[PDB]
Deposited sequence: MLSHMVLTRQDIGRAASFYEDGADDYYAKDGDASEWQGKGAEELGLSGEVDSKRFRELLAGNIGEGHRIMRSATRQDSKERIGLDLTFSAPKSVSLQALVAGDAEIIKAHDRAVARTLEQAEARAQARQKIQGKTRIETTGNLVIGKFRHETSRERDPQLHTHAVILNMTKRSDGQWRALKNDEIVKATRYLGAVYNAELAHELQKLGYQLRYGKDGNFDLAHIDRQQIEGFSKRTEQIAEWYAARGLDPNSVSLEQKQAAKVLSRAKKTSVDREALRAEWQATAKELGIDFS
(Lines of atoms letter the chains of each structure in order from A and count residues from 1; the text may use other names and numbers.)
(Lines give C-alpha, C1' and ligand atoms only; values in the text may rest on other atoms or scores of the structure.)
Protein backbone atom coordinates (compact mmCIF):
# COMPACT_ATOMS: atom_id res chain seq x y z
CA UNK A 1 0.00 0.00 0.00
CA UNK A 2 1.16 3.50 -0.82
CA UNK A 3 -0.62 6.43 0.76
CA UNK A 4 0.37 10.05 0.67
CA UNK A 5 -0.07 13.25 2.56
CA UNK A 6 0.99 16.85 2.08
CA UNK A 7 2.70 17.89 5.30
CA UNK A 8 2.14 21.46 6.53
CA UNK A 9 3.89 23.74 9.09
CA UNK A 10 1.45 22.58 11.80
CA UNK A 11 2.84 19.01 11.26
CA UNK A 12 6.39 20.01 12.36
CA UNK A 13 6.05 18.13 15.68
CA UNK A 14 4.48 14.99 14.22
CA UNK A 15 6.76 14.96 11.15
CA UNK A 16 9.80 15.08 13.45
CA UNK A 17 8.27 12.34 15.64
CA UNK A 18 8.84 10.02 12.66
CA UNK A 19 12.41 9.71 13.98
CA UNK A 20 15.50 2.42 11.01
CA UNK A 21 16.35 5.86 9.54
CA UNK A 22 17.87 6.43 6.12
CA UNK A 23 18.44 9.39 3.81
CA UNK A 24 17.75 8.83 0.12
CA UNK A 25 17.88 11.02 -2.94
CA UNK A 26 20.30 12.60 -5.38
CA UNK A 27 19.29 15.79 -3.61
CA UNK A 28 20.35 14.25 -0.28
CA UNK A 29 23.71 12.97 -1.66
CA UNK A 30 24.50 16.38 -3.18
CA UNK A 31 24.03 17.96 0.28
CA UNK A 32 26.34 15.30 1.79
CA UNK A 33 23.49 13.47 3.54
CA UNK A 34 23.71 9.69 3.63
CA UNK A 35 23.24 7.02 6.27
CA UNK A 36 21.18 7.46 9.41
CA UNK A 37 18.96 10.60 9.54
CA UNK A 38 20.30 13.06 12.10
CA UNK A 39 17.16 14.56 13.67
CA UNK A 40 18.43 18.10 14.17
CA UNK A 41 19.29 18.32 10.48
CA UNK A 42 15.88 16.81 9.58
CA UNK A 43 14.14 19.50 11.65
CA UNK A 44 16.24 22.19 9.91
CA UNK A 45 15.29 20.89 6.46
CA UNK A 46 11.62 20.60 7.52
CA UNK A 47 11.79 24.31 8.29
CA UNK A 48 13.36 25.06 4.87
CA UNK A 49 16.74 25.83 6.43
CA UNK A 50 18.89 23.99 3.87
CA UNK A 51 21.87 25.86 5.35
CA UNK A 52 25.37 25.84 3.83
CA UNK A 53 25.31 29.30 2.20
CA UNK A 54 21.64 29.46 1.21
CA UNK A 55 18.76 31.83 2.08
CA UNK A 56 15.88 30.37 4.16
CA UNK A 57 13.53 28.69 1.66
CA UNK A 58 9.88 29.32 0.69
CA UNK A 59 9.46 32.96 1.90
CA UNK A 60 7.21 33.69 -1.12
CA UNK A 61 4.39 31.73 0.53
CA UNK A 62 1.12 33.64 0.92
CA UNK A 63 0.10 34.30 4.52
CA UNK A 64 -3.47 33.15 3.64
CA UNK A 65 -2.15 29.71 2.57
CA UNK A 66 -0.33 27.19 4.80
CA UNK A 67 3.38 26.61 4.19
CA UNK A 68 4.41 23.10 3.09
CA UNK A 69 7.19 21.31 5.00
CA UNK A 70 7.11 18.13 2.90
CA UNK A 71 5.21 15.25 1.34
CA UNK A 72 4.80 11.99 3.29
CA UNK A 73 4.65 8.76 1.28
CA UNK A 74 3.75 5.71 3.36
CA UNK A 75 4.66 2.26 2.11
CA UNK A 76 2.90 -0.58 3.91
CA UNK A 77 3.58 -4.27 3.35
CA UNK A 78 0.75 -6.85 3.12
CA UNK A 79 -0.26 -8.26 6.49
CA UNK A 80 1.26 -11.69 5.93
CA UNK A 81 4.57 -9.97 5.12
CA UNK A 82 4.26 -7.99 8.36
CA UNK A 83 3.61 -11.22 10.21
CA UNK A 84 6.62 -13.07 8.80
CA UNK A 85 8.89 -10.05 9.32
CA UNK A 86 7.83 -8.95 12.79
CA UNK A 87 6.22 -11.91 14.61
CA UNK A 88 8.46 -14.78 13.40
CA UNK A 89 11.40 -12.36 13.10
CA UNK A 90 12.99 -12.17 9.65
CA UNK A 91 15.64 -9.61 8.69
CA UNK A 92 15.52 -10.71 5.03
CA UNK A 93 11.84 -9.78 4.78
CA UNK A 94 12.65 -6.42 6.42
CA UNK A 95 15.48 -5.99 3.87
CA UNK A 96 13.15 -6.95 1.00
CA UNK A 97 10.70 -4.22 2.09
CA UNK A 98 13.52 -1.69 2.42
CA UNK A 99 14.61 -2.45 -1.17
CA UNK A 100 11.09 -2.23 -2.52
CA UNK A 101 10.77 1.22 -0.90
CA UNK A 102 14.15 2.49 -2.14
CA UNK A 103 13.45 1.41 -5.74
CA UNK A 104 9.96 2.92 -5.76
CA UNK A 105 11.35 6.22 -4.44
CA UNK A 106 13.84 6.25 -7.30
CA UNK A 107 10.80 6.36 -9.58
CA UNK A 108 9.26 9.03 -7.33
CA UNK A 109 12.50 11.06 -7.59
CA UNK A 110 12.42 10.74 -11.40
CA UNK A 111 9.13 12.69 -11.35
CA UNK A 112 10.30 15.61 -9.21
CA UNK A 113 9.52 19.03 -10.66
CA UNK A 114 9.98 22.73 -10.23
CA UNK A 115 8.84 26.05 -11.69
CA UNK A 116 10.87 28.91 -13.05
CA UNK A 117 9.60 32.35 -14.05
CA UNK A 118 11.49 34.17 -16.80
CA UNK A 119 9.99 37.65 -17.31
CA UNK A 120 6.35 36.85 -16.48
CA UNK A 121 6.66 33.52 -18.26
CA UNK A 122 6.48 30.31 -16.22
CA UNK A 123 7.93 27.03 -17.37
CA UNK A 124 7.81 23.70 -15.54
CA UNK A 125 11.01 21.75 -15.18
CA UNK A 126 11.77 18.08 -14.41
CA UNK A 127 14.51 18.21 -11.82
CA UNK A 128 14.79 14.50 -11.06
CA UNK A 129 16.13 15.07 -7.53
CA UNK A 130 14.75 14.79 -3.98
CA UNK A 131 15.80 14.90 -0.33
CA UNK A 132 14.00 12.14 1.55
CA UNK A 133 14.03 10.93 5.17
CA UNK A 134 12.93 7.30 5.53
CA UNK A 135 11.66 6.03 8.87
CA UNK A 136 10.64 2.40 9.29
CA UNK A 137 7.89 1.55 11.76
CA UNK A 138 6.35 -1.65 12.98
CA UNK A 139 2.91 -1.29 14.63
CA UNK A 140 -0.57 0.02 13.80
CA UNK A 141 -2.72 2.23 16.04
CA UNK A 142 -4.32 -0.94 17.39
CA UNK A 143 -0.79 -2.32 18.07
CA UNK A 144 -1.01 -5.03 15.43
CA UNK A 145 2.22 -5.92 13.57
CA UNK A 146 2.39 -3.54 10.63
CA UNK A 147 5.58 -3.12 8.61
CA UNK A 148 5.63 0.39 7.14
CA UNK A 149 7.99 3.14 6.11
CA UNK A 150 7.31 6.85 6.17
CA UNK A 151 9.20 8.45 3.32
CA UNK A 152 9.16 12.17 4.13
CA UNK A 153 9.98 13.92 0.88
CA UNK A 154 11.22 17.36 1.89
CA UNK A 155 9.74 20.33 0.06
CA UNK A 156 12.81 21.26 -1.94
CA UNK A 157 14.54 20.38 -5.21
CA UNK A 158 17.49 21.70 -7.25
CA UNK A 159 16.65 23.29 -10.59
CA UNK A 160 18.69 23.48 -13.82
CA UNK A 161 20.17 26.80 -12.80
CA UNK A 162 21.42 25.07 -9.63
CA UNK A 163 18.93 26.94 -7.49
CA UNK A 164 16.97 25.43 -4.57
CA UNK A 165 13.22 25.81 -4.92
CA UNK A 166 10.07 24.24 -3.50
CA UNK A 167 9.01 20.91 -5.01
CA UNK A 168 6.19 20.90 -7.52
CA UNK A 169 4.54 17.67 -6.37
CA UNK A 170 1.85 17.04 -9.05
CA UNK A 171 3.79 14.34 -10.92
CA UNK A 172 4.42 12.41 -7.68
CA UNK A 173 1.01 13.05 -6.09
CA UNK A 174 -0.89 11.98 -9.24
CA UNK A 175 1.21 8.78 -9.58
CA UNK A 176 0.48 7.27 -6.16
CA UNK A 177 -1.46 4.35 -7.68
CA UNK A 178 1.39 3.64 -10.13
CA UNK A 179 4.14 3.85 -7.48
CA UNK A 180 2.00 1.60 -5.30
CA UNK A 181 2.20 -1.02 -8.05
CA UNK A 182 5.97 -0.60 -8.29
CA UNK A 183 6.27 -1.30 -4.56
CA UNK A 184 4.18 -4.48 -4.92
CA UNK A 185 6.07 -5.65 -7.99
CA UNK A 186 9.42 -5.07 -6.29
CA UNK A 187 8.38 -6.65 -2.99
CA UNK A 188 6.90 -9.70 -4.74
CA UNK A 189 10.05 -10.17 -6.78
CA UNK A 190 12.24 -9.90 -3.65
CA UNK A 191 10.03 -12.34 -1.70
CA UNK A 192 10.18 -14.86 -4.57
CA UNK A 193 13.99 -14.70 -4.49
CA UNK A 194 13.78 -15.70 -0.82
CA UNK A 195 11.79 -18.82 -1.77
CA UNK A 196 8.24 -17.77 -0.77
CA UNK A 197 5.14 -18.82 -2.71
CA UNK A 198 2.56 -16.05 -3.26
CA UNK A 199 -1.24 -15.77 -3.42
CA UNK A 200 -2.80 -13.05 -5.56
CA UNK A 201 -5.59 -10.60 -4.77
CA UNK A 202 -7.39 -8.64 -7.46
CA UNK A 203 -5.34 -5.36 -7.63
CA UNK A 204 -1.71 -6.51 -7.80
CA UNK A 205 -1.87 -7.02 -4.04
CA UNK A 206 -0.62 -10.35 -2.75
CA UNK A 207 0.06 -12.25 0.45
CA UNK A 208 2.42 -15.05 1.39
CA UNK A 209 0.74 -18.31 0.35
CA UNK A 210 1.34 -20.13 3.66
CA UNK A 211 -0.74 -17.60 5.68
CA UNK A 212 -4.49 -17.54 4.98
CA UNK A 213 -7.21 -14.89 5.13
CA UNK A 214 -8.56 -15.88 8.58
CA UNK A 215 -5.05 -15.66 10.00
CA UNK A 216 -4.66 -12.22 8.30
CA UNK A 217 -7.96 -11.06 9.82
CA UNK A 218 -6.86 -11.97 13.34
CA UNK A 219 -4.15 -9.32 13.01
CA UNK A 220 -6.09 -6.57 11.25
CA UNK A 221 -8.03 -4.80 14.00
CA UNK A 222 -7.93 -1.38 12.27
CA UNK A 223 -9.59 -2.93 9.23
CA UNK A 224 -12.40 -4.30 11.43
CA UNK A 225 -12.86 -0.79 12.85
CA UNK A 226 -13.16 0.77 9.38
CA UNK A 227 -15.51 -1.98 8.11
CA UNK A 228 -17.80 -1.38 11.08
CA UNK A 229 -17.85 2.42 10.71
CA UNK A 230 -19.37 1.89 7.23
CA UNK A 231 -21.92 -0.72 8.38
CA UNK A 232 -23.17 1.71 11.07
CA UNK A 233 -23.36 4.81 8.85
CA UNK A 234 -25.20 2.57 6.33
CA UNK A 235 -22.50 3.51 3.79
CA UNK A 236 -21.34 0.88 1.26
CA UNK A 237 -17.60 -0.03 1.09
CA UNK A 238 -17.74 0.01 -2.75
CA UNK A 239 -18.70 3.65 -3.31
CA UNK A 240 -17.97 6.45 -0.82
CA UNK A 241 -16.71 10.03 -1.12
CA UNK A 242 -13.13 11.10 -0.34
CA UNK A 243 -14.65 13.07 2.57
CA UNK A 244 -16.21 9.81 3.81
CA UNK A 245 -13.21 7.51 3.31
CA UNK A 246 -11.12 9.99 5.35
CA UNK A 247 -13.89 10.11 7.97
CA UNK A 248 -14.01 6.36 8.63
CA UNK A 249 -10.18 6.25 8.70
CA UNK A 250 -9.85 8.98 11.36
CA UNK A 251 -13.09 8.80 13.37
CA UNK A 252 -13.08 5.03 14.09
CA UNK A 253 -9.84 5.33 16.09
CA UNK A 254 -9.73 4.70 19.84
CA UNK A 255 -6.76 5.69 22.05
CA UNK A 256 -3.70 3.58 23.06
CA UNK A 257 -0.84 3.66 25.64
CA UNK A 258 3.01 3.18 25.69
CA UNK A 259 3.18 -0.54 24.85
CA UNK A 260 5.77 -2.87 26.45
CA UNK A 261 7.68 -3.69 23.22
CA UNK A 262 9.26 -6.96 24.48
CA UNK A 263 5.86 -8.04 25.85
CA UNK A 264 4.05 -7.03 22.67
CA UNK A 265 5.96 -9.40 20.44
CA UNK A 266 5.31 -12.29 22.84
CA UNK A 267 1.60 -11.43 22.52
CA UNK A 268 1.93 -11.57 18.72
CA UNK A 269 3.59 -14.97 18.84
CA UNK A 270 0.86 -16.35 21.12
CA UNK A 271 -1.85 -14.85 18.91
CA UNK A 272 -0.23 -16.46 15.86
CA UNK A 273 -0.27 -19.83 17.66
CA UNK A 274 -3.98 -19.44 18.44
CA UNK A 275 -4.61 -18.65 14.77
CA UNK A 276 -2.63 -21.76 13.78
CA UNK A 277 -0.04 -19.93 11.70
CA UNK A 278 2.85 -21.96 10.32
CA UNK A 279 5.70 -19.55 9.63
CA UNK A 280 7.01 -22.80 8.09
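* Asked: Where along the deposited sequence are residues missing from the model?
  -> Deposited residues absent from the model fall in 20-32 alone.
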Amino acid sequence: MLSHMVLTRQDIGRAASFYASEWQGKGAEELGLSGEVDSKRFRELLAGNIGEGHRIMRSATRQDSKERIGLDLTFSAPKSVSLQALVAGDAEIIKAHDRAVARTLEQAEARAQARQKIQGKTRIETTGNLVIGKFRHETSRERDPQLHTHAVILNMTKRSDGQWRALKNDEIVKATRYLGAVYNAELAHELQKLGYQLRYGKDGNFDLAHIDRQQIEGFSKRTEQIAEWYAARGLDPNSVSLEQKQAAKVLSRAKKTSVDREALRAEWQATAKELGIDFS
From here on, numbers count along this sequence of modelled residues.
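* Of 61-69 and 27-35, the one with larger mean CA B-factor -> Taking the mean B-factor of the alpha carbons in each, 61-69 is higher.
* According to the deposited model, is the average Cα temperature factor higher in 93-101 or in 201-209? -> Stretch with the greater average CA B-factor: 201-209.
* Per the PDB entry, which option out of 121, 158, 79, 136 has the greatest Cα B factor? -> Among 121, 158, 79, 136, the PDB entry lists the largest C-alpha B-factor for 121.
* Against its chain's modelled residues, does residue 258's Cα B factor rank lowest, middle or highest third? -> According to the entry, residue 258 has a C-alpha B-factor in the chain's highest third.
* Asked: What third of its chain's C-alpha B-factors does residue 16 belong to: lowest, middle or highest?
  -> Highest third.
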